[PDB]
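One chain comes next, on its own, written as structure tokens: the form deposited without the ligand.
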């Protein structure tokens, strides 16, 4: 048995921020538990978390790789010549480079633990034995061999989320993003199921690395992908994915999957349509990872949707037990989990309570081309405010008239409270959008108005200067109803 100020279950984005801050900033005794010391099968996530191992970090490297399909074609308009028939995309090389980068990160976290006073790592599966006891077992089975018993003044639940798999016949013949990161070969025909960012990002990755004759299809059960993003941008990215050879099947949903004699999969949709593919990747959602924690031993309350219930300071209903990150089933982003972890420790072990602000969080989609966004979309703003103005700019940049990718319209939209000019949301589609949006997140914390943007001098030539060139609304929402002019 061992005694600690804080025990953290999950060595992920939020859990490591909390543990490192508690130990080094406040001199507390910290233990952190995770199920694997490095990335990949069998548990996929590991020391460092989902983002490091099977999330933001590797997917961004793979999207960067897929972008070269466009760069090689687009170079020709600027005078670059080479033998186009010799081009091939080596997926095995991509995966190996990615594996080496992730493993390097795994190892550096290992040395962080070895080098930091009061910060200890334990390998295994953590669960709640009692209000102040965390048990670590050999496997997820609550009857496997006990490896450690950790006495804890404070306990932090930070186990993340896991892919949601629908209850359809043949679901066992589908994969999730976890397995996609380790496919031995790039699939020639693949169906990505879902309208969210993971489905869209992997569609672009597979589209660039598919062997000759390949085809990527994305299906989504409703009418328009990327629910929760700006509607203009949802429509445009649909158009631009289609322009690069991806087939978008909206209003379609798999009803069953069966095995073909050649090893491929036969998908039947609810509509009766059918599609044969080599890989079916389900990306329909991620759900809080609560089942192995034995929350019933202590009575931690869950919400109806399955998250651990928390107040604004990450406190559960059980004193001294906290939860942060995807397990709270709110904003599933790595920088939000980190922010929550730091606020938690500042509150518990320092003399200044802090709560994370979940509004005006900038985020991105690394689609090809990508999205950057911060704040409210117009239809959400129109329910909170009597008068909303939308400023819009949408055009193909000069360089893509030369590159030949004339479909690559850049979209920039600013949403305001028209009563006082306050910027409520900014939404971008196009090369650079994730980088452009970061400092917009800072602007929204300075009560920036549309006139603050338009009165700033532009940097020229950039896509970003469009944000400082919009003076006149394109249209409005009054009492919730869209209209081109004010009454």
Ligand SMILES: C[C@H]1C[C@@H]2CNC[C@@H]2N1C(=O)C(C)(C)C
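Numbering follows the first chain given and starts at 1. Whichever C-alpha set is largest while still superposing within 1.5 Å between the two forms counts as the rigid core.
- Greater average departure of CA atoms from the shown form, over structures and residues in 8 other deposited structures of this protein after a core fit, characterises 257-265 among 410-418 and 257-265.
- If you average the C-alpha B-factors over 50-58 and over 23-31, the higher value belongs to 23-31.
- Per the PDB record, of the two stretches 413-421 and 292-300, 292-300 carries the greater mean B-factor over its C-alpha atoms.
- Based on the entry's C-alpha B-factors, the most elevated value among 112, 336, 198, 374 belongs to 112.
- Within the selection 326, 312, 278, 74, the deposited Cα B-factor values reach their highest point at 312.
- Compared with the other modelled residues of the chain, the Cα B-factor recorded for residue 80 ranks in the lowest third.
- When the CA B factors of the chain's modelled residues are split into thirds, the value for residue 474 lands in the highest one.
- Looking at the C-alpha B-factors along this chain, the one for residue 230 belongs to the lowest third.
- In this PDB entry, residue 147 carries a Cα temperature factor that places it within the highest third of its chain's modelled residues.
- The entry lists a Cα temperature factor for residue 380 that places it in the highest third of the chain's modelled residues.
Quick note: we don't show the form solved in complex with the ligand, though the next part is all about it.
- Proximity to the ligand in the bound PDB entry, defined as a heavy atom within 4.5 Å, holds among 396, 151, 144, 242 only for 396.
- Residues with any non-hydrogen atom within 4.5 angstroms of the ligand in the bound PDB entry fall in just one of 344-352, 411-419, 388-396, 305-313: 388-396.
- Though the partner is left out of this view, residue 445 does not reach within 4.5 Å of the ligand in the bound PDB entry, counting heavy atoms only.
- At a distance threshold of 4.5 angstroms between non-hydrogen atoms, residue 27 is out of contact with the ligand in the bound PDB entry.
- Taking non-hydrogen atoms only, residue 462 approaches the ligand to within 4.5 angstroms in the bound PDB entry.
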